[PDB]
Each structure stands twice: as C-alpha cells, then as structure tokens.
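Notes for the structure review
Chain by chain, the residues run as shown.
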Amino acid sequence: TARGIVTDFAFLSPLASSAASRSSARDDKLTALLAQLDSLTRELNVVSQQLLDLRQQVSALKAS
Amino acid sequence: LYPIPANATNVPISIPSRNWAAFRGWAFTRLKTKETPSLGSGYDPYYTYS
C-alpha cells in the first residue's frame, strides 16, 4: 500500500462550492499586491539612484 | 472543519442564508491534518498516525 496510495490522494469537499468566490478574491488580492509592488520597485529605484550620488560626494570629500 | 492548504494564511468560510435563532457563540481552534481522522467513515486507510 506504500506504492498503492501514491494515487487517489485526499479531497477538499467543502471547497468546491466557493470556487468562483475564492478565485475572485484571489484575483483582487493579486491586483492590490501588484500595485504595491510596482510602487515599492519605483521607490527602490529612486533610492538606488540617490545612493550612487554618495560616491561622488565622498570622492569629492577627499579633496585636500 | 475547513481545509487550510500548505503555507496558506487566509481561511474564508461562507454560510448561505440561514435563520440564526438561539445561536450563541463561535469557538475555534487549529489542528494538524494527519492527526485528525476522517470521521463519518468506518475505516481510514490513509490514517497513518498513532
């Protein structure tokens, strides 16, 4: 039965009816997450662009 | 009972239209799947836990 039960796994009986509603909620969550991720990525990009300027500043600091 | 798949954080439960007279409380808990037998059926060939 060790190799027998590698087929016909368990089942999710009470999750058949809410298929449509849960899919809709998942897509809505995905939309929100995508918006948040886009905003965060743009913020990170501007932060990195700022962070390069640090090099210039420091090199400029070593002026004697 | 309701399933919570692996690494899932959201557990939505729905109830259709009903008449909630005398209802008094909800109570809850969370348990591991393999520990809970599939009650309602006499034998559970997959229940490998003691």
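Residues numbered from 1 in each chain as written, not as in the entry; some residues may be left out. Chains lettered and ligands numbered in written order. Part of a larger assembly, values for the part shown. Heavy atoms only, no water.

This deposited entry lists cryo-EM as its structure determination method and 3.72 Å as its resolution.

Here we look at the overall build of chain B
Along the backbone of chain B there are zero helices and zero strands. For 50 residues, the compact-globule estimate of 2.2 N^0.38 gives 10 Å, and chain B exceeds it by more than 25% at 15 Å. Its C-alpha atoms give chain B principal-axis dimensions of about 40 × 30 × 20 Å. Of all 50 residues assigned to chain B, the portion counted as buried reaches 0%. Taken as a whole, chain B presents about 5300 Å² of accessible surface, with 55% of it coming from carbon and sulfur. (Helix = DSSP H or I, 4+ residues; strand = E, 2+ residues; numbered from the N terminus. Rg over C-alpha atoms; globule rule 2.2 N^0.38 Å. Buried < 20%, exposed > 50% of the residue type's maximum accessible area, 1.4 Å probe, protein only. Areas by Shrake-Rupley, 256 points an atom, 1.4 Å probe, with all protein chains shown as cover.)

Remarks on the overall build of chain A
Counting secondary structure elements, chain A contains one helix and zero strands. In terms of C-alpha radius of gyration, chain A reaches 26 Å, well past the compact-globule figure of 11 Å for 64 residues. Each of the three principal axes of chain A carries a C-alpha extent, and together these read 80 × 35 × 10 Å. Counting every position in chain A, which comprises 64 residues, the buried fraction comes to 2%. Working note: accessible area of chain A is about 6000 Å², and carbon and sulfur atoms make up 62% of it. Taken as two groups, the 7 positive and 6 negative side-chain charges of chain A have centres that lie 8 Å from each other. (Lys, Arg positive; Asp, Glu negative; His and termini not counted. Charge placed at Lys NZ, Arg CZ, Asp CG, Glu CD.)

Here's the deal with the UniProt feature "coiled-coil region" in chain A
According to UniProt, the positions carrying the feature "coiled-coil region" are residues 30-57 of chain A. Along residues 30-57 of chain A one finds 100% helix and 0% strand; the C-alpha atoms at either end are 41 Å apart. (UniProt positions renumbered as here; feature names shortened; annotations may be inferred.)

Let's talk about the interface of chain A and chain B
On the chain B side, the residues contacting the eight residues of chain A number five residues. At the boundary of chain A with chain B, total buried surface from both sides reaches about 530 Å², with 72% on carbon and sulfur atoms. It is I5, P14 and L15 of chain A in chain A that bury the most area against chain B; as a group they hold 47% of the surface buried on that side. On inspection of chain A and its partner chain B, the count reaches zero salt bridges. Summed over the shared surface of chain A and chain B, the number is one residue pair in polar contact. Across the side of chain A that touches chain B, the residue classes break down as four nonpolar, one polar and three charged. (Contact = heavy atoms within 4.5 Å. Buried area = accessible area lost by both parts, 1.4 Å probe. Salt bridge = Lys/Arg side-chain N within 4 Å of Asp/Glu carboxyl O. Polar contact = N/O pair within 3.5 Å; in protein donor to acceptor, adjacent residues only side chain to side chain. Nonpolar A, V, L, I, M, F, W, Y, C, P; charged D, E, K, R; others polar.)

Concerning the pattern of salt bridges
All names here are of chain A. Applying the stated criterion across every chain yields a total of one salt bridge over all chains. In this structure, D38 engages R42 in a salt bridge whose closest nitrogen and oxygen atoms are separated by 3.3 Å. Of this pair, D38 and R42 both sit in helix α1 (residues 19-61), separated by four residues, roughly a single helical turn.

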